[PDB]
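> My structure is below; once you've seen it, I'll send some questions.
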Amino acid sequence: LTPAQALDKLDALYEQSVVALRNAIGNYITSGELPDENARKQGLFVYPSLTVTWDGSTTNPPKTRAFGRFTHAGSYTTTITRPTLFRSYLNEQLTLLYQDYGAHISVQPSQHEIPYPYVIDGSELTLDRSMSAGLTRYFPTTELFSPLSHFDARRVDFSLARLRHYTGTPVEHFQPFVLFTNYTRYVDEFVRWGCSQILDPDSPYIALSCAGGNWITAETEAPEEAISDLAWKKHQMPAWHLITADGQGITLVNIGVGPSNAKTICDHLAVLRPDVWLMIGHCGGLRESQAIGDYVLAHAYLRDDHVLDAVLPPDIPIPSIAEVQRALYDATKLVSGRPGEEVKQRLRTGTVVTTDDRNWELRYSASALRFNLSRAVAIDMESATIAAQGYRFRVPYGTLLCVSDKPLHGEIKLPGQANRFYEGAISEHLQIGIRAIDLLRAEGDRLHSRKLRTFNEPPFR
Amino acid sequence: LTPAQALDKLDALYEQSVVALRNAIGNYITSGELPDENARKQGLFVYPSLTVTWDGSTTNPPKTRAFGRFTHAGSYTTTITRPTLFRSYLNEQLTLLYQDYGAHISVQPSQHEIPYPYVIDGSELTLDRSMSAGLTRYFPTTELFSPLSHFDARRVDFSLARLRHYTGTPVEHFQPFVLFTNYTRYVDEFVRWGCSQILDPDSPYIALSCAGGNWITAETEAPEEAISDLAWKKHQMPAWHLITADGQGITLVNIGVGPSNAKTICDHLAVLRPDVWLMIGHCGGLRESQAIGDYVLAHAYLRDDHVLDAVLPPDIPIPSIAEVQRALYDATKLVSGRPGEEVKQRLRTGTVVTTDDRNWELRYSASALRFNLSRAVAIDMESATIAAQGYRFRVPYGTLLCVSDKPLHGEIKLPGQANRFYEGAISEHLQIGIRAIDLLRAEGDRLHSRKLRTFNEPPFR
Amino acid sequence: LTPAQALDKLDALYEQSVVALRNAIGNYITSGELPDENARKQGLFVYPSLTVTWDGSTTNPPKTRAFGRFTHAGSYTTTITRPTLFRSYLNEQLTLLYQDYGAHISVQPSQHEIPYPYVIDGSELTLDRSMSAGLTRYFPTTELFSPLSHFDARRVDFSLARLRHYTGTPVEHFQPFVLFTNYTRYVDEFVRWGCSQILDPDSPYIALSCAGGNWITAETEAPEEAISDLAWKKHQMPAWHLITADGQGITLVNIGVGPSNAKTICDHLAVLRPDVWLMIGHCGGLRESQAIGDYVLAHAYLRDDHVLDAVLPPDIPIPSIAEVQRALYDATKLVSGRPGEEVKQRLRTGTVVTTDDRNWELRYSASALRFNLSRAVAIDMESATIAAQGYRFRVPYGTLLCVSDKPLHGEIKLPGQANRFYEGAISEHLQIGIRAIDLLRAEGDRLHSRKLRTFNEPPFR
């Protein structure tokens, strides 16, 4: 079986099942009819199942590529969902295994049914008590030889649903290069630069999906509702997508503040298999030689975020991704206009502390030892969490923060208040983020190294 | 008071005290005479004390330099020892503070006497029971406003004595660029390349101090006793110094195996304030795609060495020094020929596990989870310790190991056992180390960044 | 099936397999021929498998003996290797179970093939890339009801190989009574005393295997190369075996310094099932009443060695072995002349701290609390590790150190230098060790008590 073929059979099998389930649900709602246990066992509501096998013998196996490789020989499977949405990805990946390793592809009904909530397309239903009880009782609901991908069908559906809700955007609009910001003024500056890019008939950016719904293209009456204030009341983490023809745009998510939030957003955004996400936000400068408006390139993190300690113990080393570091570095060199060791007067590379206690100042003395011990240089509340999640989900990551204040030196200024020197840098900052992406996008596959491959790393990127 | 002046008064005061103490000791040994408590209180046996003050007001204070800076205004002091040995360093540092900040230097007797063992230039002079007791009873012994430097007089003397003993070399011969190796064959290759360098009338290398005593210069009968086998029985960590006129040579120390050793050696070598030390040794490849002879550039460490957990908790992040990473990377590009992106076929950049349990294989199962969790790529027994010590003592560090075997893939091999493919690269490996040093030496001050500065970082480098 | 019979069938089955594998390997090397999977399944490369069963009903079951007992009724099995080497041991053990319990012995091919490295007798192979790859791919490699013995076939082969490498000696020369030393001068004194013993036609000692190869017997031209300095460069832990007719000699291993090393050596030496190993080395005296040259009989250990914390938690109690303690005690009484309670002026029995941080002095204040809390009396770097390993592998153990300096009292000496009084003591010390062994050897089986038996203690000693 071949790539293109596999995709079609996936498309087919999937549509078939979702349609079959929707039908079953309606038939129950209207007449109270139940599905026949036999057709289900036969794979009525089941997700398609994609399997790739390798005999383990190829003359020149790619050993440098970061993804799309085989560690050993055998069969790798996984359930599939939204084949259309993932068509690009699925093809790119299957092709690599098909050609480079000459793998045996095959598609067929899995043993996992699609939870009914994931097939109810229009507005969520509003059945009475009994009606609901009956649904969750007679229909597929959510429950609490080697993996072919990182997430299985159910995990992906679960996250796709959330991404929409939190983001206030369609999962189809997300771009491969992500930018995370903890300050509202960053979106403002992003949207503005965005629309600008659309009108420029040279900028590949041809559209702008906005948290809330607004779709903005070259010909759009009043490009004002782009930042419909109502967004920040309906969506905990609004997103904005500067889309391009080939879908190599830039997606920006304003994760807001709290490690709790940074973990949550990444847990879902991860299923879309991004190429890289960058933390572009404000932070506190801990060194006296730092001036508000300066930049910090995180090269390590003191994880006082707690949110990921369970799944990733604090003594597990979270490294810097060289490729992402250079991009962030050079981007600062170019955008800030000063080439050479000149940048060091505006950029400090060092260890960043991420914490879940915003009023950490109230306990400085207690923190001070660890702060010194780790040669901390700045402090924030998302960095380490974003990095850690990138590390966990194999998504290149990087952190470039802008000093918005110096807690340890009288100058405490809560973002939103008058802080000339910080505020005036918000635009340049966002630009360093964007340029870093440009640089990384041009890197092609170089972007991805083997730095995050686990021993059991799935063949799919 | 000025730099040159301060240095001379230090020289003076020091010589005076050591001589005064040697005298006191002889006078006791010969006649049983004791020193007069009054002259001691006056500063008879005391070390000189160097003090630098800053009023805290300079128009353009260096804020980018990594060392020789002032965080705040005030008086910084420290006891001084072996002023002659540290003449170069002491001058370079005092000068920076004198000029750039216009600091007020001053020298004067401290309140700390020199332990008598540090002044007995002679290995020994046989004293019986009572003679000894009398000595430790009536003479200075080792009894377990801001800091100007990292180590005080006693701490330095302590380490200098050891460095000699462990190394089998004179502390005066140590060079600013250090190479650490865990395999005897590395020294062989180093010595050979060294002598060759001396004979070449273009290679700045004009001498070769050898563990044991042998001093080798351009005109030396038989440059054979260079590796006097007796060294490895008298010195737990033999050193070899390829000295140059200006003292910018290369020092190589064969730390042998065990984290216990790596810590010990660094504790002492640190007082000589090196410019960078590199871990050039063997390791086990944990990834299937690795081949014996390949290289590993550590970009993080899983610290299972235990030896430093007390003074530096495992959750404290130890980063990579960008400058050192590039040098190690580029050096591998150049030396292994075939540069560019082909290097990735021979060099893997990833996390290295350092452990104190050599037979860790006997417990693989237990380790496996953490190995996977940390995306480990290789395993050794010094890396993380050397790195962590560099981190602690503010000495740029880097690790570039060579896969000598693959424990997880039927190929457990021992350093001594026949390993055709590892042995073959030992020369090329050492060359990558040396080239990286060359590259870093040429970096001038660029080598030193602010990545290791603590909040209370001492003015002196 | 009977003892002698079982040993022969083991001998047979083993030789057969190793020969068959060697043949297979050659056939591959020369023609590229592969073994037939069928013959392998049949047990072509497999180790013999020794099984003993007990119906669980004997009138007077030995309940006092320390080893060779049955906890419950059932079948106890294990793979066997080098039957010839273990002939003595294997017989002695199988006999005890055969007679005392009337057990049913049986031998037969196991399910475990012998890793090819263990059958290549001469020197390790040096095949090219492909040749090696092919070997590890098509042949047995090292991959990472109740047990009859402590270690199975593979584990034993693994350690036998290492013992040779680290020790620089043939596993067949190892004697039942072991001495561990952390100072080179101990071997010197041992060798000297050894040759002396050989020449004396009353001393059972008739030979001396030396680390490096040198075999010394009564008629050996120049007994000088006994301590071939080259040993300490090729062997991380040289051994010397004072052999006797009946193999009840004394083996001395210079484990050098570091807990990492002590663990490693015991991991392997353990498979030879020694009768007892003693830690005879130097240490630091922590009590002012102690004088350099004094002895310390460890009766407990503060485990700051970290190296065994994983496998044996620090709160698990490591006791003293009464039998070994008496021997060590009396040996000090006899050898030091001082009889009765006079010994207490030269020997202090107390708790010893073992650490992996050699420059622990640099942190005294932090240690001091625990030191006091544990009534510490001396400090070293192997004791607790050797003791713990003995405890782990059921090998009676004991520690008798010699004070080589007093860190806490102005004499932070560096053993490997000019410490007059410690040097003098060495010979007497080594003699106490040797006398203790004599005493224990005479103890016959008394030596072994039930103090180390686990609940599942294997039948074999």
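> Under 26 Å Cα to Cα from residue C:9, which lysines show up? Leave out anything in the same chain fewer than 8 places away.
Here the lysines satisfying the reach criterion relative to residue C:9 are C:41.
> Next question. At 7 Å along the Cα-to-beta-carbon direction for both residue C:338 and residue B:244, put a label point, then send me their distance in nm to one decimal.
Each label point is offset 7 Å from its Cα along the Cβ direction, giving 5.8 nm.
> Please work out the FRET efficiency for the pair residue C:31 and residue B:288, using the Cβ-Cβ distance as r and a Förster radius of 35 Å; give the result to the nearest 0.05.
For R0 = 35 Å, the calculated efficiency reads 0.80.
> Turning to a different aspect of this structure: How far is residue A:60 from the same spot in each other copy, in nm, shortest first, if each label point sits 7 Å from Cα toward Cβ?
Distances to the matching label points in the other copies: 5.7, 8.0 nm.
> Further, regarding this structure: Please give, to one decimal in nm, the separation of the simple spin-label points placed at residue A:73 and residue C:111, each 7 Å out from Cα toward the Cβ.
Label-label distance for residue A:73 and residue C:111, simple model: 2.3 nm.
> Mind checking which chain A residue has its Cβ closest to the axis relating A to B, and how many whole Å off it is?
So the chain A residue sitting closest to the axis is A:315, 3.
> If you count, for every residue in B:157-164, the Cβ atoms of partner chains within 10 Å of its Cβ, what is the mean?
Per-residue shielding by partner chains comes out at 2.
> Return the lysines within reach of residue A:233: Cα separation strictly under 23 angstrom, same-chain partners fewer than 8 residues apart disregarded; answer none if there are no such residues.
A:263
> Continuing with the same structure: With the calculation restricted to Cα positions, what are the radius of gyration and Dmax of the range A:1-149 in angstrom?
For the range A:1-149, the Cα-based Rg and Dmax read 18.6, 62 Å.
> A further question on this structure: Any chance you could check the Cα centroid distance between the range C:388-436 and the range B:233-294 for me, in angstrom?
Distance between centres, Cα-based: 29 Å.
> Measuring from centroid to centroid over Cα atoms, what is the spacing of the range A:82-117 and the range B:182-232 in Å?
A separation of 61 Å, based on Cα centres.
> Summarise the partner chain shielding of A:308-319 as one whole number: the mean count of Cβ atoms from other chains within 10 Å of each residue's Cβ.
Whole-number average of other-chain Cβ neighbours for A:308-319 is 6.
> For residue C:361, go 7 angstrom from Cα along the Cα-to-Cβ vector, then report the distances to that same point in the other copies in nm, smallest first.
3.9, 4.7
> Peptides B:235-247, B:185-197, A:276-288: what's the order by average Cβ count within 10 Å, highest mean first?
A:276-288, B:235-247, B:185-197
> For chain C, what does -39500 (n - 2.57) per DSSP helix run (n ≥ 4), summed and divided by total residues, give at 222 nm, in deg cm²/dmol to the nearest 500?
-11000 deg cm²/dmol
> Defining the label point at 7 Å along Cα→Cβ, can you sort the distances from residue B:170 to the same site in each other copy, shortest first, in nm?
Relative to the other copies, residue B:170 has label-point distances of 4.8, 8.0 nm.
Just so you know, all these numbers are worked out from the coordinates, no wet-lab data involved. Heads up, the Cβs are rebuilt from the backbone with ideal geometry, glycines too, and the neighbour counts pull from every protein chain shown.
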